[PDB]
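Working notes, structure below.
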Amino acid sequence: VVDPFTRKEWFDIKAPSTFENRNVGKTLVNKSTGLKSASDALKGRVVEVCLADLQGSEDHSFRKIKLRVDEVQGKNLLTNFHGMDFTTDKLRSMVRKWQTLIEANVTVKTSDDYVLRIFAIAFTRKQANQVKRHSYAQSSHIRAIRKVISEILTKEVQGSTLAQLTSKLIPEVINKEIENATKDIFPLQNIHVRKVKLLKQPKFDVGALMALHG
Amino acid sequence: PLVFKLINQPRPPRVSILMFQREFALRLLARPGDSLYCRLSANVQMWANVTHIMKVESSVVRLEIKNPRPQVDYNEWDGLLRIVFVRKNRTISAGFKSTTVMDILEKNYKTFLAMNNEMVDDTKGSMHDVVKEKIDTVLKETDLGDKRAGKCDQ
Amino acid sequence: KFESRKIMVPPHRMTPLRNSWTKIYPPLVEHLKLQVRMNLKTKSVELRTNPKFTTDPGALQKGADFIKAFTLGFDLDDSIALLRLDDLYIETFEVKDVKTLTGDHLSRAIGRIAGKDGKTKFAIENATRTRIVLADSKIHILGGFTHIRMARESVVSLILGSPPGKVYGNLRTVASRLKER
Amino acid sequence: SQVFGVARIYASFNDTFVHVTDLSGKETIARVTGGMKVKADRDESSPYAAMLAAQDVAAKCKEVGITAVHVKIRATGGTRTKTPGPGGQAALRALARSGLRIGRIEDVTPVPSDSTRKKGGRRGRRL
Amino acid sequence: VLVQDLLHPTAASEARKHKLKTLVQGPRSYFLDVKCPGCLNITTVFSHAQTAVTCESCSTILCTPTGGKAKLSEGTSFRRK
RNA sequence: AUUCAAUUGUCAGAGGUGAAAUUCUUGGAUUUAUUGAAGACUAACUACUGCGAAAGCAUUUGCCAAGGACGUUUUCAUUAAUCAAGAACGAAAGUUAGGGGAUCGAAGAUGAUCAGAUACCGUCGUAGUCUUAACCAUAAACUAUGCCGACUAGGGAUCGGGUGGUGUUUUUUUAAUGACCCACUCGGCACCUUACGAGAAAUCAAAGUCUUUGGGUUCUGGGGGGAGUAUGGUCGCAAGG
RNA sequence: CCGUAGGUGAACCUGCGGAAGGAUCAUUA
Ligand SMILES: [Mg+2]
Ligand SMILES: [Mg+2]
Ligand SMILES: [Mg+2]
Ligand SMILES: [Mg+2]
Ligand SMILES: [Zn+2]
């Protein structure tokens, strides 16, 4: 009988201060009667948006970024980093039938006490002088590149915290380090970290999250 | 269930003339060492005396219910012959601890000890007891377990 | 009040894209009144609209459907049929989704849906008002639901390993009470 | 500027779901099935039922005032097929036809790395 | 190719084929007379030396075994035979 | 990914279908979102391919021993080739006794239906599927082609190794390599043309070097059924071989 | 069709693993 549209209350979320365009997203809570229940309802909310729409670039640069809401500031919501992914059609186009695919994985504890998982993908190029219609790589080559990706990813995430991880995700510094550090092993193409998982969340802080907002 | 309708009715008749399919008539007249042997063979061979006349493919078979009915409960005997006849080629010990057979059997046992009030231990069968091993003890206690379903008599 | 969609260009079809693009764009630009921009480097096609164009919001979805059609092997006469009609839609399906086949079993299933000189493929386009393109492991049928539904029944007969003669008999049966009604 | 919605299209062989809420899956706004819009059981997954159902979802989104919307489309996924059926395509045609603004179109189908056994057996499942 | 000399092949095409498929079987190896500059002495090293041959006075690895041919040390001279 | 559990939102369906029908949904079903648990599995990358005696073998990393190929102005000097007896392995399904039992699912329980286009369909589902200890020894176990040795055609490739290049690229300042190119070279997986030759023909670099009939050796067949039956022996708990 | 297992059956169906002794069109490098 009663309409929930008469009851529900229009809220709003905002990005942290790492990114450029803060004004994204408009969320919603059924009831404002119990504020603790509303706060616990928005605590488990994970908003997935495009990174390019979050960065305002008109080219939709195939990266979805998914973000977790934590704190309330008067119908406005603080939002924290949770993870990154691609669109699945990017992976469907992206896998070639005549090259060798490398998956590299590393288990990560961070400097800011997060537990993380990083999946990086590398490939095999044609050179500018090729006659071969296929460019496969030997297994010892593949093991060497996987060793190099594990070392670069491990030292890169250990030398930095979450804000620097996000600040090095956007200009593709990490795969540039891969490109010039693996150029002595094999020619590599189309390198990106595909997908970011949080695994452990530490003891909940307050001032660090508004410092990320500030 | 074709012979089940005329095995347990009140006021049993004099004779029973009927035509069925011939292979069920082989199941009512199956020797215990056969692959044609089944549960319904035992059901007729100690509840309903039966022989084959008038081969017709179909078969006529003649049934007579024993008016001194032997005091055997049909539910427990039917259930045990079902759970050892479905696993005909298997043996009997490991076949009872199946997945859900090993729930419904001790449900039947707990209703069986509901009027007995036997204390169910914390030892209960995963190592040496009534859900797992005392079943093996009581099939060792009788003529079953190692002798398969195509060898055990009444 | 602009709107742009982004779509992916296969590598197997970019050479007929640059071969017959001169026949692709002016019918949709003239009759359907849209704007197209390429990105040949990043395999992307920009289908954009403008308030200086005609107000027709569904034909932008239709134009993305034409390039989604051309993504999956489809010629230009089926693009003319997709221009003129609305009941005609697109489908993919996998060889492994009916029956788990491997290698030469997959090759013989592709041979069964293909046939000698494509004749069972010809028999399934002409009798059902469908259009057939075979990928490595994908089957593609255009059309309406009464048409593509009996196309489904035929192709899951054929990829199950039923002989093509029973396919022809059931095909002319369903075509007979198709054109009967 | 505007408010974007988060749309879901679930395309089986036998119905279609057009199901939308706001960001992060907070509380569902509009909710239709294929069975409620045509009472004929042969036409549960018809494109006519798909367009009328998505038109009623668009009317619901217009009366709550959401203009922009972001959509992902999917099949059942898993052991069954990957790309959506044509009821989803007609739903896309209807939501674009409705005059509602569209934000993003992608394919979040739940794709296994390595699947389990399907429900057909060795021989096959379809007819 | 009905007629050709199997007795006197052309020497450009004769060492062009395999080691064992010649008219008389010959090796395709040689010996290297190596001079590391630090001690100035003649050491005769096989071209496919399959072990770490050091110099007899300095502990300099003259050649390392790498598959077919042994790679010589850098900044180090060599002669045939 | 699937299934199940917990939390979350919302309202008449979800399910399955030539078609319907059963199943469970105010204790809010399907679906949406946040987690957790279980066991299998290793997709796309995947062929123009790799390894192993065969069956078979696709995540990453570490350890354990093994193997082919190549290089070798190393070592032994006939130590070899084929195989009754005997022995090792042997897909799936099956068998014993354990652990696990997510999905699938012969048996069974259930619904059906409506027609001679027709029951394939559904929902629970036990065994099993997975693993450990021991059995079992069969397949369209197929290249429907015994093993070793020599000769009789090339070329486009490719995989592993090696040789050479005042060859390319990768720069840092020239190298070094790594990757790529060329000319080869062995040793594998394959292709395309022929016919000298074979065959009944399809076709074949072996199915040729066979009436101009002999490189060495192991097994099998003698019109079709009766029949892999009877019987005897042998192994196996049995199914069975 | 073959192997194995099961319900049966007047025939025959079903579970798991194999084989083609079964019919590659179009497109591209
Ligand atoms: Mg022998
Ligand atoms: Mg045999
Ligand atoms: Mg004879
Ligand atoms: Mg024959
Ligand atoms: Zn020296």
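Methodologically, a virtual Cβ is constructed for each residue, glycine included, from the backbone with ideal geometry; neighbour enumeration extends over all protein chains shown. We did not get these values from a lab; they are worked out from the coordinates using the rules stated.
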Distance in nm between pseudo-label sites at A:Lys200 and E:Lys71 (7 Å out along the Cβ direction from Cα): 4.4 nm
Quotient of Cα Rg and 2.2 N^0.38 Å for chain B, N being how many residues it contains: 1.24
Other-chain or far-sequence residues with amide H under 5 Å of E:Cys55's (modelled H): E:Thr60, E:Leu62
In nm, spacing of pseudo-spin labels at B:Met46 and B:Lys88 (7 Å Cα→C-beta vector): 2.1 nm
C:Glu125/B:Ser35 FRET efficiency (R0 51 Å; Cβ-Cβ; nearest 0.05): 0.45
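Length gain on complete extension for the stretch A:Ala163 to A:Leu35, per 0.36 nm per residue less the alpha carbon to alpha carbon distance?
On the way: separation 128, 0.36 × 128 = 46.08 nm, distance 3.04 nm.
That works out to 43.0 nm of additional length.
So, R0 is 22 Å and r is the distance between the beta-carbons of C:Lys116 and C:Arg172; what FRET efficiency does that work out to, to 0.05? The partial results should precede the final answer.
Working: r = 18 Å, r/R0 = 0.83.
The formula returns an efficiency of 0.75 here.
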Taking C:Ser154, B:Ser16 and counting other C-beta atoms within 10 Å, the order from fewest to most: B:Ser16, C:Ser154
Value of relative contact order over chain E, rounded to a whole percent, pairs C-alpha under 8 Å and six or more apart: 24 percent
Fraction in percent of alpha-carbon pairs per bin - 10 Å, chain D: 13, 41, 31, 12, 3, 0
Value of [θ]222 nm, deg cm²/dmol, for chain C, DSSP H segments ≥ 4, -39500 (n - 2.57) each, nearest 500: -15000 deg cm²/dmol
Alpha-carbon gyration tensor eigenvalues x 5, square-rooted, for the stretch A:1-155, Å: 43, 19, 14
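Restricting things to Cα coordinates, could you compute the convex hull volume per residue of the stretch B:71-154 in Å³?
Working: hull volume 9.3 nm³, N = 84.
Measuring per residue, one finds 111 Å³ for the Cα hull of the stretch B:71-154.
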Virtual paramagnetic centre 7 Å along Cα→Cβ of E:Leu6, amide N under 18 Å, in the stretch E:22-36: E:22-26
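With +1 on each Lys and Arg Cβ and -1 on each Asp and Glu Cβ, and nothing else charged, work out how big the dipole of chain D is about its Cα centre, in Debye to the nearest 20.
On the way: 23 positive and 11 negative charges, 135 e Å.
Using Cβ point charges on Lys, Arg, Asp and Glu, chain D gives about 640 debye.
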For C:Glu46, distant residues with modelled amide H under 5 Å away: C:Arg37, C:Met38, C:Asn39
In order through the stretch C:40-49: 3J(HN,Hα) via Karplus (6.51 cos²θ - 1.76 cosθ + 1.60), integer Hz, x for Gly, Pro: 5, 6, 9, 6, 10, 10, 9, 9, 10, 10
Charge dipole magnitude, Cβ of K and R +1, D and E -1 - the stretch A:61-181, Cα centre, debye nearest 20: 780 debye
Spin-label pair E:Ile61/C:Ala135, simplified geometry with 7 Å Cα→Cβ offset, distance in nm: 5.2 nm
Theoretical ellipticity at 222 nm over chain A - DSSP helices of four or more residues, -39500 (n - 2.57) apiece, nearest 500: -9000 deg cm²/dmol
Alpha-carbon Debye profile of the protein assembly as shown, log10 I(q)/I(0) at 0.09 Å⁻¹: -1.08
Rg followed by Dmax, in Å, when chain E is reduced to its Cα trace: 17.8, 61
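Using +1 on the beta carbon of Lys and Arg, -1 on that of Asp and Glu, and nothing else charged, what's the dipole of the protein assembly as shown about the Cα centre, debye to 20?
Working: 127 positive and 77 negative charges, 419 e Å.
Approximately 2020 debye in magnitude.
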Rg in Å to one decimal, and Dmax rounded to a whole Å, for chain C via C-alpha atoms: 18.5, 56
Computed helical MRE - 222 nm, chain D, DSSP H runs ≥ 4 contributing -39500 (n - 2.57), nearest 500: -7500 deg cm²/dmol
Placed amide H near A:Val29: partners under 5 Å, 5+ positions off or other chain: A:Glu9, A:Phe11
Phi-based couplings in Hz for the stretch B:44-49 (Karplus 6.51, -1.76, 1.60; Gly and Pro marked x): 6, 7, 9, 10, 8, 5
Relative packing of peptides C:57-67, C:107-117 - highest average C-beta neighbours within 10 Å first: C:57-67, C:107-117
Percent RCO, i.e. relative contact order, over chain C, from Cα pairs under 8 Å lying at least 6 residues apart: 18 percent
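If you average the sequence gap of Cα pairs under 8 Å that are 6 or more apart and divide by the length of the stretch A:6-214, what percent do you get for the contact order?
Working: 352 pairs, mean separation 42.6, N = 209.
Relative contact order of the stretch A:6-214: 20 percent.
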Farthest positive-ward along chain D dipole, Cα basis, beta-carbon charges - from D:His70, D:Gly121, D:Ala50: D:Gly121
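Average the reciprocal distances over every distinct pair of alpha-carbons in the stretch C:1-84, invert the result, and give the Kirkwood radius in Å. Please report the intermediate quantities before stating the final value.
Values: mean 1/r = 0.0762 Å⁻¹.
Value: 13.1 Å, from the Cα pair sum.
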